[PDB]
């Protein structure tokens, strides 16, 4: 196949921050009672609550898909902590979560901005460029998209389904054999460290909605 590179050195991808649980006074309510949710379930419920006043929030297909995925994450996480048992979408009340998110948004309007802009781009400096064939090359797509609910257009049957968080374990890094491997985060390991010179991608993984590939590729 056409050899795309002789040598390729890179620092991988930037993972979105880990989820931060909501403050104790912000909960999903089920039949009017506050539900103590494990963080993974809470995160997923929060995706719907943030979208509470959007068109998507009233689309029954969106509600169905979100709810089935929410119940699935709930099960994986061991269920609610205060024994409530969530069985029906209609008994769920996301209002306080929604109002809190709106409050969060509003508070941010008071930001500092450019400084953050600087501390970020300085950090991203290491991922925005790679060294290919000994030359500094630019990389587009060094950030993995954060989890959220898939918003499909029209009568998309999968609208409302959860796009899961992509972990290091799902990713394949492609680089020169001798090239130093960028440490995966915290206590994770990479899904694979490949050394294929016939492809120009730097990292690759699959997204869960359509089973298609995502890639970290070089700028045009």
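Residue numbers count along the first chain shown, from 1.
The deposited sequence places 1 to 3 unmodelled residues between residue 111 and residue 112. Remark: stretch with higher mean C-alpha B factor among 119 to 127 and 68 to 76 is 119 to 127. Between the stretches 54 to 62 and 185 to 193, it is 185 to 193 that shows the larger average CA temperature factor. Residue-level inspection of the entry shows that, of 179, 173, 162, 155, 179 has the top Cα B-factor. Of the candidates 149, 81, 97, 103, the one whose C-alpha carries the top B factor in the deposited record is 81. Sort the chain's modelled residues by C-alpha temperature factor and residue 199 lands in the highest third, per the entry. Annotation for residue 145: C-alpha temperature factor in the middle third relative to the rest of the modelled chain, per the entry.
In the PDB entry, residue 216 places in the middle third of its chain by CA B-factor.
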